[PDB]
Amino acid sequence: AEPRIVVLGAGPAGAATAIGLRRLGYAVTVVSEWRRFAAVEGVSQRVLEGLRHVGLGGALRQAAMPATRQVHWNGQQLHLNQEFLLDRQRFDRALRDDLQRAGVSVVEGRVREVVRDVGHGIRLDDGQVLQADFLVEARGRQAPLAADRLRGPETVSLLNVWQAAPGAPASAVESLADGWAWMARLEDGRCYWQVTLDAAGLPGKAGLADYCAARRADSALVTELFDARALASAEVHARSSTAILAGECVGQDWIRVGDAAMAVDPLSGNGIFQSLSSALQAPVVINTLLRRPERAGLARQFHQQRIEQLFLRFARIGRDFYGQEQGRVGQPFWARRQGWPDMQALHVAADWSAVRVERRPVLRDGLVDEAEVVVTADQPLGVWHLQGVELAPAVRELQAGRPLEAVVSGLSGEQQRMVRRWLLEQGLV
């Protein structure tokens, strides 16, 4: 009498969630399409061990290759390295091995339609119908269009892909007047160029090839890095790269993870990590939805609020990157992106007067429960405990006028010093 869990999509987020469910003891089936266009992304040192932290590190090193990287930004020609390139062709095909290794069924196929048929009726292009008691939606930006909770400045990434001479790997980033470009050349000679711009005023389909060709032809970086440019014959692709927080991300028997839940624009070079963050606690939410469905409200709130806070944090991190470009002051592309989503600092200022004790969702023993937590400026979702020491009783007593020394007198001296340091950081000084 075990639930049928089906995950749609086998990118980083779907794969991560599937393996997490396996570790909780769940049988899991993943459905996803074999491949898509040739895309290579920039990945940091963190992402790759973060990707093995989740258990996808096998899918990793034959898809990732080291490469130098010229960075042009704020008037500085800067030659960084120790960041890699990830070939999503190798990567996604390799993700399926790690899933089968973990005991996950990988049913290849494009999903046609999902229907409310007792459970979930997942109808595939080849006519097969897979029944799901629980559905994980993990098809990335290709997820079915729902309403948005938040939407940033409309943004498009235009991509050129072509073939050049092998054996000369490199990558680069340059700030342009009305956008920025990322480009890469793999060791086998595959070439990549992707420019990120405001969606407004771009040409239609027929004009995109000429538009990209002129931009590549205008770049001294493109000339240096690429001997053959294939200005006329390069494939041309257009990707929506708008920052999007999904309107709905969890139900009684479904959950969205990854880009299907939230995605910010790709300036950070950290999207895969950010998508993994959105799936990190998806398995415990599912575990609650299945083992204690009476607590679905709490579990749903836990996932929604985590996803929204992640989205906002990554959006502000990206904003600060845009803000490092200080030589573009009259340009609408940059001004719009240097002030979005807002001007709030990444670490908010304390306000002890505003601290509240509230009953909020918490994680305990693999299930979303509810507990009195302490809500602060820096933690809108609340802090439950520090190393087992629940804070709400202390803060209740402090707000009732009990002196701090008495409030903490029952803990060990080390726990007393731990609690005092937290209170200082929350503005009780």
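Start at 1 with the first residue shown and count on from there.
Legend: mean Cα B-factor per stretch from the PDB entry, 113 to 121 versus 340 to 348; the higher mean is in 113 to 121. Between 190 to 198 and 139 to 147, the higher mean Cα B-factor belongs to 139 to 147.
Note on 153, 251, 75, 258: the highest value goes to 75, judged by CA B factor as recorded. Of the candidates 36, 385, 402, 360, the PDB record gives 36 the highest C-alpha temperature factor. Annotation for residue 91: CA B-factor lies in the highest third of the chain's modelled residues. When the CA B factors of the chain's modelled residues are split into thirds, the value for residue 236 lands in the middle one. Placement of the Cα temperature factor of residue 378 within the chain: middle third of the modelled residues, per the deposited record. Looking at the C-alpha B-factors along this chain, the one for residue 314 belongs to the lowest third. When the CA B factors of the chain's modelled residues are split into thirds, the value for residue 293 lands in the lowest one.
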